[PDB]
Amino acid sequence: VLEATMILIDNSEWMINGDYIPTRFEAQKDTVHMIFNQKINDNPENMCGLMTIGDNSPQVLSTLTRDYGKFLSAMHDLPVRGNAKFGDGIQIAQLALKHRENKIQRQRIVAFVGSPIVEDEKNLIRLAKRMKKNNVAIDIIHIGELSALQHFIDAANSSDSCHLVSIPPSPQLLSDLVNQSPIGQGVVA
């Protein structure tokens with residue numbers, strides 16, 4: 001698939017928990033690299049960008065790129081604290097995706113949620129149906145305290161393009177578990 005993907009990380013205070021090894025935040029950070037590489041390896045022209053949804057206010061950390069070093073440099077020193085703003089994040093991500101240079105690229109969001117969603121369900125469904133209308137696919141990696149997101153994904157989904165990957169606390173590594181999910185890398189040949 002030829003697509004531009006905005007990867008949204010949760011850097012809220014909820015992510016300072018050691019119930020995922022070594023913390024939720026750091027668990028997520030390793031998973032981002034895997035998702036990145038999946039996209040970059042899918043098509044030579046695929047690009048990824050990086051946003052936060054926590055610390056009170058979603059931020060674009062990296063515009064669309066194939067250089068993972070830009071993600072790592074932008075995350076260095078990043079605050080992990082404050083509230084998550086899920087709906088604001090997926091709206092800002094859609095605005096960012098409009099600025100993609102290569103507009104032949106399909107549009108996708110991959111978002112991590114490790115915190116309570118601030119939107120209520122009626123709001124979540126409006127968000128989802130608006131994405132679907134906008135031809136924006138979305139995958140959500142849900143961790144921590146684990147239904148509303150299943151309804152969201154069902155409302156956004158078109159042609160089996162959207163996924164909810166829900167991973168409880170465990171001894172195993174989040175990146176490995178997500179790699180073993182529908183949105184993981186798979187194999188080559």
# chains A, B, ... in the order shown; residues from 1 in each chain; ligands from 1
call {"tool": "residues_around", "arguments": {"residues": "residue 175 of chain A", "least_positions_apart": "6", "cutoff": "9 Å", "atoms": "only C-alpha atoms", "output": "PyMOL selection string"}}
result
chain A and resi 27-34+184
call {"tool": "select_by_dssp", "arguments": {"residues": "chain A", "states": "helix (DSSP H, G or I)", "output": "JSON, numbers by chain"}}
result
{"A": [13, 14, 15, 24, 25, 26, 27, 28, 29, 30, 31, 32, 33, 34, 35, 36, 37, 38, 39, 40, 41, 42, 68, 69, 70, 71, 72, 73, 74, 75, 86, 87, 88, 89, 90, 91, 92, 93, 94, 95, 96, 97, 98, 121, 122, 123, 124, 125, 126, 127, 128, 129, 130, 131, 132, 133, 148, 149, 150, 151, 152, 153, 154, 155, 156, 174, 175, 176, 177, 178, 179]}
call {"tool": "atom_distance", "arguments": {"atom1": "atom CA of residue 75 of chain A", "atom2": "atom CA of residue 14 of chain A"}}
result
17.3 Å
call {"tool": "closest_residue", "arguments": {"among": "A:111, A:48, A:128, A:156", "to": "residue 68 of chain A", "atoms": "only C-alpha atoms"}}
result
A:48
call {"tool": "residues_around", "arguments": {"residues": "residue 163 of chain A", "least_positions_apart": "3", "cutoff": "9 Å", "atoms": "only C-alpha atoms", "output": "compact mmCIF listing (two decimals) with N, CA and C atoms, in the first residue's frame"}}
result
# COMPACT_ATOMS: atom_id res chain seq x y z
N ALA A 137 -7.87 6.00 7.23
CA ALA A 137 -7.84 4.77 8.00
C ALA A 137 -7.20 5.01 9.35
N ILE A 138 -7.54 4.17 10.32
CA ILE A 138 -6.96 4.31 11.64
C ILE A 138 -6.79 2.94 12.30
N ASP A 139 -5.64 2.79 12.93
CA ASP A 139 -5.35 1.69 13.84
C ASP A 139 -5.13 2.26 15.22
N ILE A 140 -5.67 1.59 16.22
CA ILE A 140 -5.45 1.98 17.61
C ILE A 140 -4.81 0.84 18.36
N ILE A 141 -3.74 1.16 19.08
CA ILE A 141 -3.06 0.22 19.98
C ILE A 141 -3.47 0.66 21.38
N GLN A 150 -13.86 -0.22 20.39
CA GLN A 150 -14.30 -1.19 19.39
C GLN A 150 -15.40 -0.56 18.54
N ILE A 153 -13.72 1.95 16.13
CA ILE A 153 -13.09 1.32 14.98
C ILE A 153 -14.14 0.79 14.00
N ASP A 154 -15.22 0.21 14.51
CA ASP A 154 -16.26 -0.31 13.66
C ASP A 154 -16.88 0.81 12.83
N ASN A 157 -14.36 2.01 10.04
CA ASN A 157 -13.79 1.00 9.15
C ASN A 157 -14.38 1.03 7.75
N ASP A 160 -12.04 -3.17 5.58
CA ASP A 160 -11.16 -3.83 6.56
C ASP A 160 -9.82 -3.12 6.71
N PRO A 182 -2.49 -7.94 13.60
CA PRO A 182 -2.74 -7.56 12.21
C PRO A 182 -1.97 -6.41 11.61
N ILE A 183 -1.53 -5.52 12.49
CA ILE A 183 -0.79 -4.35 12.04
C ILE A 183 0.72 -4.51 12.12
call {"tool": "select_by_dssp", "arguments": {"residues": "segment 107-175 of chain A", "states": "strand (DSSP E or B)", "output": "list in words"}}
result
residues 107, 108, 109, 110, 111, 112, 113, 136, 137, 138, 139, 140, 141, 142, 143, 163, 164, 165, 166 and 167 of chain A
call {"tool": "residues_around", "arguments": {"residues": "segment 5-13 of chain A", "least_positions_apart": "6", "cutoff": "9 Å", "atoms": "only C-alpha atoms", "output": "PDB file with N, CA, C and O atoms, in the first residue's frame"}}
result
ATOM      1  N   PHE A  25       5.222   4.136  28.406  1.00  0.00           N
ATOM      2  CA  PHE A  25       5.768   5.047  27.425  1.00  0.00           C
ATOM      3  C   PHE A  25       6.883   4.413  26.606  1.00  0.00           C
ATOM      4  O   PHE A  25       6.900   4.535  25.371  1.00  0.00           O
ATOM      5  N   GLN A  28       5.806   1.628  24.237  1.00  0.00           N
ATOM      6  CA  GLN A  28       5.219   2.247  23.076  1.00  0.00           C
ATOM      7  C   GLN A  28       6.333   2.698  22.137  1.00  0.00           C
ATOM      8  O   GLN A  28       6.263   2.504  20.919  1.00  0.00           O
ATOM      9  N   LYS A  29       7.341   3.364  22.690  1.00  0.00           N
ATOM     10  CA  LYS A  29       8.440   3.915  21.863  1.00  0.00           C
ATOM     11  C   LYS A  29       9.119   2.855  20.970  1.00  0.00           C
ATOM     12  O   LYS A  29       9.394   3.108  19.797  1.00  0.00           O
ATOM     13  N   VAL A  32       6.696   1.977  18.080  1.00  0.00           N
ATOM     14  CA  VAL A  32       6.692   2.993  17.028  1.00  0.00           C
ATOM     15  C   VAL A  32       7.707   2.634  15.930  1.00  0.00           C
ATOM     16  O   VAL A  32       7.422   2.753  14.734  1.00  0.00           O
ATOM     17  N   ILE A  35       6.286  -0.109  13.670  1.00  0.00           N
ATOM     18  CA  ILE A  35       5.239   0.402  12.780  1.00  0.00           C
ATOM     19  C   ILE A  35       5.877   1.210  11.636  1.00  0.00           C
ATOM     20  O   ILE A  35       5.538   1.050  10.467  1.00  0.00           O
ATOM     21  N   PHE A  36       6.779   2.112  11.999  1.00  0.00           N
ATOM     22  CA  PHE A  36       7.574   2.879  11.046  1.00  0.00           C
ATOM     23  C   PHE A  36       8.197   2.052   9.958  1.00  0.00           C
ATOM     24  O   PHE A  36       8.054   2.299   8.764  1.00  0.00           O
ATOM     25  N   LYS A  39       5.755   0.477   7.493  1.00  0.00           N
ATOM     26  CA  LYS A  39       5.354   1.414   6.454  1.00  0.00           C
ATOM     27  C   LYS A  39       6.481   1.644   5.433  1.00  0.00           C
ATOM     28  O   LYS A  39       6.259   1.607   4.233  1.00  0.00           O
ATOM     29  N   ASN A  46       6.387   5.457   0.772  1.00  0.00           N
ATOM     30  CA  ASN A  46       5.628   5.683   2.002  1.00  0.00           C
ATOM     31  C   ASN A  46       6.396   6.590   2.943  1.00  0.00           C
ATOM     32  O   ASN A  46       7.631   6.548   3.011  1.00  0.00           O
ATOM     33  N   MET A  47       5.651   7.404   3.673  1.00  0.00           N
ATOM     34  CA  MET A  47       6.210   8.337   4.635  1.00  0.00           C
ATOM     35  C   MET A  47       5.437   8.211   5.930  1.00  0.00           C
ATOM     36  O   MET A  47       4.255   7.901   5.923  1.00  0.00           O
ATOM     37  N   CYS A  48       6.099   8.518   7.035  1.00  0.00           N
ATOM     38  CA  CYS A  48       5.512   8.578   8.362  1.00  0.00           C
ATOM     39  C   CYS A  48       5.806   9.869   9.074  1.00  0.00           C
ATOM     40  O   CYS A  48       6.927  10.364   8.961  1.00  0.00           O
ATOM     41  N   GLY A  49       4.856  10.366   9.849  1.00  0.00           N
ATOM     42  CA  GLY A  49       5.088  11.504  10.710  1.00  0.00           C
ATOM     43  C   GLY A  49       4.773  11.102  12.142  1.00  0.00           C
ATOM     44  O   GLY A  49       4.217  10.020  12.391  1.00  0.00           O
ATOM     45  N   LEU A  50       5.128  11.972  13.072  1.00  0.00           N
ATOM     46  CA  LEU A  50       5.063  11.673  14.488  1.00  0.00           C
ATOM     47  C   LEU A  50       4.373  12.820  15.217  1.00  0.00           C
ATOM     48  O   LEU A  50       4.732  13.986  15.048  1.00  0.00           O
ATOM     49  N   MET A  51       3.397  12.468  16.043  1.00  0.00           N
ATOM     50  CA  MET A  51       2.699  13.407  16.895  1.00  0.00           C
ATOM     51  C   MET A  51       2.582  12.832  18.282  1.00  0.00           C
ATOM     52  O   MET A  51       2.585  11.618  18.468  1.00  0.00           O
ATOM     53  N   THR A  52       2.447  13.712  19.257  1.00  0.00           N
ATOM     54  CA  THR A  52       1.988  13.336  20.582  1.00  0.00           C
ATOM     55  C   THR A  52       0.501  13.621  20.758  1.00  0.00           C
ATOM     56  O   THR A  52      -0.089  14.432  20.028  1.00  0.00           O
ATOM     57  N   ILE A  53      -0.113  12.971  21.756  1.00  0.00           N
ATOM     58  CA  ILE A  53      -1.472  13.331  22.150  1.00  0.00           C
ATOM     59  C   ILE A  53      -1.583  13.693  23.619  1.00  0.00           C
ATOM     60  O   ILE A  53      -2.652  14.060  24.076  1.00  0.00           O
ATOM     61  N   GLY A  54      -0.463  13.685  24.325  1.00  0.00           N
ATOM     62  CA  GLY A  54      -0.462  13.964  25.746  1.00  0.00           C
ATOM     63  C   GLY A  54       0.210  15.261  26.103  1.00  0.00           C
ATOM     64  O   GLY A  54       0.270  16.219  25.293  1.00  0.00           O
ATOM     65  N   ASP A  55       0.654  15.332  27.354  1.00  0.00           N
ATOM     66  CA  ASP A  55       1.158  16.609  27.843  1.00  0.00           C
ATOM     67  C   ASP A  55       0.218  17.777  27.604  1.00  0.00           C
ATOM     68  O   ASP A  55       0.666  18.862  27.256  1.00  0.00           O
ATOM     69  N   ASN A  56      -1.085  17.509  27.689  1.00  0.00           N
ATOM     70  CA  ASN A  56      -2.049  18.587  27.583  1.00  0.00           C
ATOM     71  C   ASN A  56      -2.441  19.146  26.236  1.00  0.00           C
ATOM     72  O   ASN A  56      -3.384  19.906  26.114  1.00  0.00           O
ATOM     73  N   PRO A  58      -1.766  18.050  21.928  1.00  0.00           N
ATOM     74  CA  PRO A  58      -1.077  17.368  20.836  1.00  0.00           C
ATOM     75  C   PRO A  58      -0.057  18.148  20.057  1.00  0.00           C
ATOM     76  O   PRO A  58      -0.370  19.301  19.740  1.00  0.00           O
ATOM     77  N   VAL A  60       2.871  18.175  16.735  1.00  0.00           N
ATOM     78  CA  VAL A  60       3.544  17.516  15.642  1.00  0.00           C
ATOM     79  C   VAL A  60       5.054  17.539  15.932  1.00  0.00           C
ATOM     80  O   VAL A  60       5.657  18.606  16.022  1.00  0.00           O
ATOM     81  N   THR A  63       7.379  15.990  10.768  1.00  0.00           N
ATOM     82  CA  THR A  63       6.595  15.912   9.553  1.00  0.00           C
ATOM     83  C   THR A  63       6.921  14.598   8.825  1.00  0.00           C
ATOM     84  O   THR A  63       7.775  13.828   9.252  1.00  0.00           O
ATOM     85  N   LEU A  64       6.204  14.338   7.739  1.00  0.00           N
ATOM     86  CA  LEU A  64       6.309  13.079   7.029  1.00  0.00           C
ATOM     87  C   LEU A  64       7.726  12.854   6.516  1.00  0.00           C
ATOM     88  O   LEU A  64       8.343  13.732   5.915  1.00  0.00           O
ATOM     89  N   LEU A  78      11.441  14.679  25.482  1.00  0.00           N
ATOM     90  CA  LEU A  78      10.006  14.916  25.406  1.00  0.00           C
ATOM     91  C   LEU A  78       9.399  14.746  26.785  1.00  0.00           C
ATOM     92  O   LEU A  78       9.597  13.728  27.418  1.00  0.00           O
ATOM     93  N   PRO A  79       8.638  15.744  27.253  1.00  0.00           N
ATOM     94  CA  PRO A  79       7.852  15.484  28.451  1.00  0.00           C
ATOM     95  C   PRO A  79       6.869  14.344  28.427  1.00  0.00           C
ATOM     96  O   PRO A  79       6.176  14.255  27.409  1.00  0.00           O
ATOM     97  N   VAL A  80       6.741  13.576  29.499  1.00  0.00           N
ATOM     98  CA  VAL A  80       5.739  12.535  29.617  1.00  0.00           C
ATOM     99  C   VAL A  80       5.002  12.863  30.915  1.00  0.00           C
ATOM    100  O   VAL A  80       5.542  12.688  32.008  1.00  0.00           O
ATOM    101  N   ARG A  81       3.801  13.422  30.778  1.00  0.00           N
ATOM    102  CA  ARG A  81       3.080  14.046  31.885  1.00  0.00           C
ATOM    103  C   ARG A  81       1.750  14.583  31.371  1.00  0.00           C
ATOM    104  O   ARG A  81       1.492  14.569  30.173  1.00  0.00           O
ATOM    105  N   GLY A  82       0.914  15.072  32.276  1.00  0.00           N
ATOM    106  CA  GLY A  82      -0.306  15.735  31.845  1.00  0.00           C
ATOM    107  C   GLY A  82      -1.368  14.843  31.224  1.00  0.00           C
ATOM    108  O   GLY A  82      -1.313  13.619  31.325  1.00  0.00           O
ATOM    109  N   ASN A  83      -2.371  15.484  30.635  1.00  0.00           N
ATOM    110  CA  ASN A  83      -3.541  14.805  30.094  1.00  0.00           C
ATOM    111  C   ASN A  83      -3.394  14.437  28.635  1.00  0.00           C
ATOM    112  O   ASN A  83      -2.705  15.123  27.871  1.00  0.00           O
ATOM    113  N   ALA A  84      -4.080  13.367  28.245  1.00  0.00           N
ATOM    114  CA  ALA A  84      -4.174  12.978  26.849  1.00  0.00           C
ATOM    115  C   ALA A  84      -5.405  13.609  26.224  1.00  0.00           C
ATOM    116  O   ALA A  84      -6.469  13.669  26.850  1.00  0.00           O
ATOM    117  N   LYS A  85      -5.259  14.006  24.966  1.00  0.00           N
ATOM    118  CA  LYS A  85      -6.326  14.639  24.206  1.00  0.00           C
ATOM    119  C   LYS A  85      -6.514  13.875  22.910  1.00  0.00           C
ATOM    120  O   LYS A  85      -6.084  14.314  21.848  1.00  0.00           O
ATOM    121  N   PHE A  86      -7.184  12.734  23.008  1.00  0.00           N
ATOM    122  CA  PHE A  86      -7.313  11.806  21.891  1.00  0.00           C
ATOM    123  C   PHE A  86      -7.991  12.435  20.666  1.00  0.00           C
ATOM    124  O   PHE A  86      -7.443  12.421  19.556  1.00  0.00           O
ATOM    125  N   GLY A  89      -6.047  15.093  19.015  1.00  0.00           N
ATOM    126  CA  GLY A  89      -4.929  14.483  18.312  1.00  0.00           C
ATOM    127  C   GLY A  89      -5.320  13.929  16.950  1.00  0.00           C
ATOM    128  O   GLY A  89      -4.614  14.174  15.971  1.00  0.00           O
ATOM    129  N   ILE A  90      -6.402  13.173  16.861  1.00  0.00           N
ATOM    130  CA  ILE A  90      -6.725  12.594  15.573  1.00  0.00           C
ATOM    131  C   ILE A  90      -7.277  13.650  14.604  1.00  0.00           C
ATOM    132  O   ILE A  90      -7.207  13.462  13.394  1.00  0.00           O
ATOM    133  N   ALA A  93      -3.991  15.347  13.404  1.00  0.00           N
ATOM    134  CA  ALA A  93      -3.342  14.407  12.499  1.00  0.00           C
ATOM    135  C   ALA A  93      -3.947  14.481  11.116  1.00  0.00           C
ATOM    136  O   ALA A  93      -3.245  14.396  10.112  1.00  0.00           O
ATOM    137  N   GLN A  94      -5.271  14.601  11.033  1.00  0.00           N
ATOM    138  CA  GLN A  94      -5.903  14.758   9.725  1.00  0.00           C
ATOM    139  C   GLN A  94      -5.476  16.048   9.027  1.00  0.00           C
ATOM    140  O   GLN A  94      -5.259  16.061   7.811  1.00  0.00           O
ATOM    141  N   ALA A  96      -2.576  17.512   9.478  1.00  0.00           N
ATOM    142  CA  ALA A  96      -1.203  17.257   9.066  1.00  0.00           C
ATOM    143  C   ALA A  96      -1.162  16.436   7.773  1.00  0.00           C
ATOM    144  O   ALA A  96      -0.364  16.733   6.867  1.00  0.00           O
ATOM    145  N   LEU A  97      -2.036  15.425   7.672  1.00  0.00           N
ATOM    146  CA  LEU A  97      -2.037  14.554   6.511  1.00  0.00           C
ATOM    147  C   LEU A  97      -2.431  15.293   5.233  1.00  0.00           C
ATOM    148  O   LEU A  97      -2.053  14.886   4.145  1.00  0.00           O
ATOM    149  N   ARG A 106      -2.491   7.298   0.223  1.00  0.00           N
ATOM    150  CA  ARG A 106      -3.617   7.127   1.116  1.00  0.00           C
ATOM    151  C   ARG A 106      -3.273   7.708   2.477  1.00  0.00           C
ATOM    152  O   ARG A 106      -2.107   7.956   2.777  1.00  0.00           O
ATOM    153  N   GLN A 107      -4.288   7.907   3.307  1.00  0.00           N
ATOM    154  CA  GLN A 107      -4.097   8.541   4.603  1.00  0.00           C
ATOM    155  C   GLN A 107      -4.404   7.578   5.737  1.00  0.00           C
ATOM    156  O   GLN A 107      -5.450   6.928   5.749  1.00  0.00           O
ATOM    157  N   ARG A 108      -3.462   7.488   6.688  1.00  0.00           N
ATOM    158  CA  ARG A 108      -3.638   6.590   7.825  1.00  0.00           C
ATOM    159  C   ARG A 108      -3.122   7.243   9.102  1.00  0.00           C
ATOM    160  O   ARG A 108      -2.116   7.954   9.094  1.00  0.00           O
ATOM    161  N   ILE A 109      -3.793   6.930  10.201  1.00  0.00           N
ATOM    162  CA  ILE A 109      -3.355   7.266  11.547  1.00  0.00           C
ATOM    163  C   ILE A 109      -3.122   5.972  12.311  1.00  0.00           C
ATOM    164  O   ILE A 109      -3.953   5.075  12.266  1.00  0.00           O
ATOM    165  N   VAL A 110      -1.994   5.874  13.023  1.00  0.00           N
ATOM    166  CA  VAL A 110      -1.774   4.790  14.004  1.00  0.00           C
ATOM    167  C   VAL A 110      -1.603   5.465  15.358  1.00  0.00           C
ATOM    168  O   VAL A 110      -0.668   6.225  15.526  1.00  0.00           O
ATOM    169  N   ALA A 111      -2.537   5.237  16.278  1.00  0.00           N
ATOM    170  CA  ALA A 111      -2.539   5.929  17.549  1.00  0.00           C
ATOM    171  C   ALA A 111      -2.449   4.962  18.716  1.00  0.00           C
ATOM    172  O   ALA A 111      -3.163   3.952  18.758  1.00  0.00           O
ATOM    173  N   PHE A 112      -1.631   5.325  19.689  1.00  0.00           N
ATOM    174  CA  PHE A 112      -1.547   4.623  20.952  1.00  0.00           C
ATOM    175  C   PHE A 112      -2.447   5.299  21.980  1.00  0.00           C
ATOM    176  O   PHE A 112      -2.456   6.521  22.096  1.00  0.00           O
ATOM    177  N   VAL A 113      -3.197   4.493  22.729  1.00  0.00           N
ATOM    178  CA  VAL A 113      -4.010   4.990  23.817  1.00  0.00           C
ATOM    179  C   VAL A 113      -3.689   4.179  25.070  1.00  0.00           C
ATOM    180  O   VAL A 113      -3.941   2.975  25.135  1.00  0.00           O
ATOM    181  N   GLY A 114      -3.108   4.858  26.055  1.00  0.00           N
ATOM    182  CA  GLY A 114      -2.790   4.267  27.352  1.00  0.00           C
ATOM    183  C   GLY A 114      -3.380   5.070  28.483  1.00  0.00           C
ATOM    184  O   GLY A 114      -2.951   4.947  29.633  1.00  0.00           O
ATOM    185  N   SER A 115      -4.415   5.833  28.161  1.00  0.00           N
ATOM    186  CA  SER A 115      -5.027   6.773  29.080  1.00  0.00           C
ATOM    187  C   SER A 115      -6.523   6.834  28.799  1.00  0.00           C
ATOM    188  O   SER A 115      -6.964   6.581  27.684  1.00  0.00           O
TER     189      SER A 115
END
call {"tool": "atom_distance", "arguments": {"atom1": "atom CA of residue 186 of chain A", "atom2": "atom CA of residue 172 of chain A"}}
result
18.3 Å
call {"tool": "closest_residue", "arguments": {"among": "A:161, A:43, A:166, A:123", "to": "residue 105 of chain A", "atoms": "only C-alpha atoms"}}
result
A:43
call {"tool": "atom_distance", "arguments": {"atom1": "atom CA of residue 91 of chain A", "atom2": "atom CA of residue 152 of chain A"}}
result
14.4 Å
call {"tool": "closest_residue", "arguments": {"among": "A:167, A:4, A:127, A:178", "to": "residue 145 of chain A", "atoms": "only C-alpha atoms"}}
result
A:167
call {"tool": "closest_residue", "arguments": {"among": "A:104, A:162, A:72, A:174", "to": "residue 143 of chain A", "atoms": "only C-alpha atoms"}}
result
A:174
call {"tool": "decode", "arguments": {"residues": "segment 40-64 of chain A", "atoms": "N, CA, C and O atoms", "output": "PDB file, in the first residue's frame"}}
result
ATOM      1  N   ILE A  40       7.700   1.873   5.909  1.00  0.00           N
ATOM      2  CA  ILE A  40       8.797   2.205   5.025  1.00  0.00           C
ATOM      3  C   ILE A  40       9.124   1.021   4.129  1.00  0.00           C
ATOM      4  O   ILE A  40       9.503   1.180   2.971  1.00  0.00           O
ATOM      5  N   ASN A  41       8.931  -0.180   4.652  1.00  0.00           N
ATOM      6  CA  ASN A  41       9.215  -1.379   3.877  1.00  0.00           C
ATOM      7  C   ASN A  41       8.072  -1.795   2.937  1.00  0.00           C
ATOM      8  O   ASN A  41       8.277  -2.662   2.085  1.00  0.00           O
ATOM      9  N   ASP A  42       6.889  -1.191   3.081  1.00  0.00           N
ATOM     10  CA  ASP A  42       5.730  -1.574   2.266  1.00  0.00           C
ATOM     11  C   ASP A  42       5.778  -0.993   0.862  1.00  0.00           C
ATOM     12  O   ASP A  42       5.262  -1.591  -0.085  1.00  0.00           O
ATOM     13  N   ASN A  43       6.349   0.198   0.738  1.00  0.00           N
ATOM     14  CA  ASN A  43       6.390   0.913  -0.525  1.00  0.00           C
ATOM     15  C   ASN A  43       7.500   1.939  -0.394  1.00  0.00           C
ATOM     16  O   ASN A  43       7.598   2.596   0.626  1.00  0.00           O
ATOM     17  N   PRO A  44       8.358   2.073  -1.413  1.00  0.00           N
ATOM     18  CA  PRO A  44       9.448   3.053  -1.403  1.00  0.00           C
ATOM     19  C   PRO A  44       9.160   4.516  -1.189  1.00  0.00           C
ATOM     20  O   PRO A  44      10.021   5.326  -0.878  1.00  0.00           O
ATOM     21  N   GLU A  45       7.899   4.840  -1.458  1.00  0.00           N
ATOM     22  CA  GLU A  45       7.413   6.207  -1.324  1.00  0.00           C
ATOM     23  C   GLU A  45       6.588   6.464  -0.069  1.00  0.00           C
ATOM     24  O   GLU A  45       6.121   7.583   0.140  1.00  0.00           O
ATOM     25  N   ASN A  46       6.387   5.457   0.772  1.00  0.00           N
ATOM     26  CA  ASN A  46       5.628   5.683   2.002  1.00  0.00           C
ATOM     27  C   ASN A  46       6.396   6.590   2.943  1.00  0.00           C
ATOM     28  O   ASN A  46       7.631   6.548   3.011  1.00  0.00           O
ATOM     29  N   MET A  47       5.651   7.404   3.673  1.00  0.00           N
ATOM     30  CA  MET A  47       6.210   8.337   4.635  1.00  0.00           C
ATOM     31  C   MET A  47       5.437   8.211   5.930  1.00  0.00           C
ATOM     32  O   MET A  47       4.255   7.901   5.923  1.00  0.00           O
ATOM     33  N   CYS A  48       6.099   8.518   7.035  1.00  0.00           N
ATOM     34  CA  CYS A  48       5.512   8.578   8.362  1.00  0.00           C
ATOM     35  C   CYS A  48       5.806   9.869   9.074  1.00  0.00           C
ATOM     36  O   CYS A  48       6.927  10.364   8.961  1.00  0.00           O
ATOM     37  N   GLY A  49       4.856  10.366   9.849  1.00  0.00           N
ATOM     38  CA  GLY A  49       5.088  11.504  10.710  1.00  0.00           C
ATOM     39  C   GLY A  49       4.773  11.102  12.142  1.00  0.00           C
ATOM     40  O   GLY A  49       4.217  10.020  12.391  1.00  0.00           O
ATOM     41  N   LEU A  50       5.128  11.972  13.072  1.00  0.00           N
ATOM     42  CA  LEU A  50       5.063  11.673  14.488  1.00  0.00           C
ATOM     43  C   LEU A  50       4.373  12.820  15.217  1.00  0.00           C
ATOM     44  O   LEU A  50       4.732  13.986  15.048  1.00  0.00           O
ATOM     45  N   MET A  51       3.397  12.468  16.043  1.00  0.00           N
ATOM     46  CA  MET A  51       2.699  13.407  16.895  1.00  0.00           C
ATOM     47  C   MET A  51       2.582  12.832  18.282  1.00  0.00           C
ATOM     48  O   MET A  51       2.585  11.618  18.468  1.00  0.00           O
ATOM     49  N   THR A  52       2.447  13.712  19.257  1.00  0.00           N
ATOM     50  CA  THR A  52       1.988  13.336  20.582  1.00  0.00           C
ATOM     51  C   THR A  52       0.501  13.621  20.758  1.00  0.00           C
ATOM     52  O   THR A  52      -0.089  14.432  20.028  1.00  0.00           O
ATOM     53  N   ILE A  53      -0.113  12.971  21.756  1.00  0.00           N
ATOM     54  CA  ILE A  53      -1.472  13.331  22.150  1.00  0.00           C
ATOM     55  C   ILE A  53      -1.583  13.693  23.619  1.00  0.00           C
ATOM     56  O   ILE A  53      -2.652  14.060  24.076  1.00  0.00           O
ATOM     57  N   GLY A  54      -0.463  13.685  24.325  1.00  0.00           N
ATOM     58  CA  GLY A  54      -0.462  13.964  25.746  1.00  0.00           C
ATOM     59  C   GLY A  54       0.210  15.261  26.103  1.00  0.00           C
ATOM     60  O   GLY A  54       0.270  16.219  25.293  1.00  0.00           O
ATOM     61  N   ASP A  55       0.654  15.332  27.354  1.00  0.00           N
ATOM     62  CA  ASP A  55       1.158  16.609  27.843  1.00  0.00           C
ATOM     63  C   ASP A  55       0.218  17.777  27.604  1.00  0.00           C
ATOM     64  O   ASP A  55       0.666  18.862  27.256  1.00  0.00           O
ATOM     65  N   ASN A  56      -1.085  17.509  27.689  1.00  0.00           N
ATOM     66  CA  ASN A  56      -2.049  18.587  27.583  1.00  0.00           C
ATOM     67  C   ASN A  56      -2.441  19.146  26.236  1.00  0.00           C
ATOM     68  O   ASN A  56      -3.384  19.906  26.114  1.00  0.00           O
ATOM     69  N   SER A  57      -1.681  18.778  25.218  1.00  0.00           N
ATOM     70  CA  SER A  57      -1.821  19.424  23.922  1.00  0.00           C
ATOM     71  C   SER A  57      -1.058  18.631  22.887  1.00  0.00           C
ATOM     72  O   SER A  57       0.170  18.542  22.949  1.00  0.00           O
ATOM     73  N   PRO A  58      -1.766  18.050  21.928  1.00  0.00           N
ATOM     74  CA  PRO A  58      -1.077  17.368  20.836  1.00  0.00           C
ATOM     75  C   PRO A  58      -0.057  18.148  20.057  1.00  0.00           C
ATOM     76  O   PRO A  58      -0.370  19.301  19.740  1.00  0.00           O
ATOM     77  N   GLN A  59       1.109  17.594  19.762  1.00  0.00           N
ATOM     78  CA  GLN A  59       2.146  18.323  19.059  1.00  0.00           C
ATOM     79  C   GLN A  59       2.620  17.522  17.865  1.00  0.00           C
ATOM     80  O   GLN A  59       2.788  16.332  17.974  1.00  0.00           O
ATOM     81  N   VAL A  60       2.871  18.175  16.735  1.00  0.00           N
ATOM     82  CA  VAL A  60       3.544  17.516  15.642  1.00  0.00           C
ATOM     83  C   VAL A  60       5.054  17.539  15.932  1.00  0.00           C
ATOM     84  O   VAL A  60       5.657  18.606  16.022  1.00  0.00           O
ATOM     85  N   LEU A  61       5.640  16.368  16.122  1.00  0.00           N
ATOM     86  CA  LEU A  61       7.074  16.231  16.395  1.00  0.00           C
ATOM     87  C   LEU A  61       7.920  16.072  15.149  1.00  0.00           C
ATOM     88  O   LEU A  61       9.042  16.547  15.098  1.00  0.00           O
ATOM     89  N   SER A  62       7.400  15.349  14.169  1.00  0.00           N
ATOM     90  CA  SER A  62       8.089  15.184  12.906  1.00  0.00           C
ATOM     91  C   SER A  62       7.090  15.201  11.795  1.00  0.00           C
ATOM     92  O   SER A  62       6.069  14.506  11.861  1.00  0.00           O
ATOM     93  N   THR A  63       7.379  15.990  10.768  1.00  0.00           N
ATOM     94  CA  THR A  63       6.595  15.912   9.553  1.00  0.00           C
ATOM     95  C   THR A  63       6.921  14.598   8.825  1.00  0.00           C
ATOM     96  O   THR A  63       7.775  13.828   9.252  1.00  0.00           O
ATOM     97  N   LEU A  64       6.204  14.338   7.739  1.00  0.00           N
ATOM     98  CA  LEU A  64       6.309  13.079   7.029  1.00  0.00           C
ATOM     99  C   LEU A  64       7.726  12.854   6.516  1.00  0.00           C
ATOM    100  O   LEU A  64       8.343  13.732   5.915  1.00  0.00           O
TER     101      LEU A  64
END
